[PDB]
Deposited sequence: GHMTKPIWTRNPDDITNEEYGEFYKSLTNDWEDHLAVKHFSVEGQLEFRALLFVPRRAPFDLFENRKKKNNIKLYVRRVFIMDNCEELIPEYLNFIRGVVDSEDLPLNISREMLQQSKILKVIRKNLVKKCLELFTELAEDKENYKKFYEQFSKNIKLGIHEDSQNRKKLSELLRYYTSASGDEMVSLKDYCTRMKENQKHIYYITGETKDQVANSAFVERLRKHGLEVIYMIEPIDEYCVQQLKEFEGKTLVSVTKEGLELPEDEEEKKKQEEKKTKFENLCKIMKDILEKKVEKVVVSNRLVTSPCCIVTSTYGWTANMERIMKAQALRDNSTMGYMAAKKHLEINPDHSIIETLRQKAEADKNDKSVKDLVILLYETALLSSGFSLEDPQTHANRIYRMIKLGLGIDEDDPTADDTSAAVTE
């Protein structure tokens, strides 16, 4: 006949925790995990915390007692916003209730309680992650909560990052930790390669990954929207910096005899690049010979410090959400041509022979637009693109 949270976790059964957690949330199924702990010293309290099995993404929810009597339901400073999916009870022995703003040790106590709550949640998540198959259940639900935390909590950011799991080009059907990706890196791989997109299947087969894959280098598939913000703050993991295969100037581990091989190509197609940058005008910033293509003739990459194809899609959809007008910035885009492709060699011949031919212009613009669609952007006037394609079909079929 004592509260379930004053009892010692060693003397508490799973069915008792469960029917209690059901009791505190009307949830029809038992809890997914529980962390039950107490703290003494200057501050004394007990916390009984639960991770629910399903919790919606898209304001706190921990019951707060002082000396076994009820006080509040949503004390905001008890837990960050990104853990608000935790449900439970925190019972303190020394918190002051009557305060003026002059009194500031209410705040100090709450901060201590909060820091301990986060410490033990991160503990629990690290424990759950040691069991590979059951952690999937958790990450399935709160991977967005962890990434949100990585963005917001600078102090715990490393321990949150070790809780991340991603699909990669090496793992296929299984998601892996970052500390794993590091275990598969070569001795000449100085970077961690990621790609952002809207589906796994779209990023896995996109042009950006081509030479990276044939070089045997592993690529992380960040297919959730929150990733655009998460990776802004996850600058490096375990010493190695992360880079986007969608951004300009990819630093590929370049063996010497092949990358002077690549320097031949820079100068061979320097002329074609000038001609194309003039044909495209201010539709693009640069036209560059590529080092990340293998099978595709060209692709569109992003400026280092500006929006990504994925992020521009998100921003356009937000503008659309509140009828804001996309009126000032569109991702800076660079067009990369593949120095080893039949179409690009043919284009260099056609163009260096007559740089103002309406057919060369037509080809270069058609290439730009198809590279736009394959690289995650939307077309300005799609019917114009359709007319270019219908022309190439009539040519292909000799009309």
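Residues of the deposited sequence that lack C-alpha coordinates fall in the stretches 1-3, 62-68, 410-425.
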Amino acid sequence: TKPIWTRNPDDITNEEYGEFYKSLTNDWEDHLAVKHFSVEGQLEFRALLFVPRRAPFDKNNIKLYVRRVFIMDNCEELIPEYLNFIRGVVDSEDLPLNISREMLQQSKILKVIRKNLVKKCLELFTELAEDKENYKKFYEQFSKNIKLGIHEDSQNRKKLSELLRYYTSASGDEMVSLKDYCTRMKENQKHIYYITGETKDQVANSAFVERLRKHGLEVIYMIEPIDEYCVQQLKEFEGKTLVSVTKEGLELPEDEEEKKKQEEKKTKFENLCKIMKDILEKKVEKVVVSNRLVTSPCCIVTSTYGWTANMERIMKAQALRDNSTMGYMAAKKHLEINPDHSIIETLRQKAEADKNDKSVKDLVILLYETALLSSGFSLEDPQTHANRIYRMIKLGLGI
From here on, numbers count along this sequence of modelled residues.
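Of the two stretches examined, 113-121 and 196-204, the record assigns the greater average C-alpha temperature factor to 196-204. Of the two stretches examined, 147-155 and 321-329, the record assigns the greater average C-alpha temperature factor to 321-329. Considering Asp91, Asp227, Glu256, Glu285 together, the PDB entry gives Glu256 the largest C-alpha B factor. Take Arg87, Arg184, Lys277, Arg313 and read off each C-alpha B-factor from the entry; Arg184 has the highest.
Ranked within its chain, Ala351 lands in the middle third, by CA B factor from the PDB record. The entry lists a Cα temperature factor for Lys260 that places it in the highest third of the chain's modelled residues. Looking at the C-alpha B-factors along this chain, the one for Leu43 belongs to the highest third. When the modelled residues of the chain are ordered by their C-alpha B factor, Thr25 lands in the middle third. The PDB entry assigns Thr13 a C-alpha temperature factor belonging to the highest third of its chain's modelled residues.
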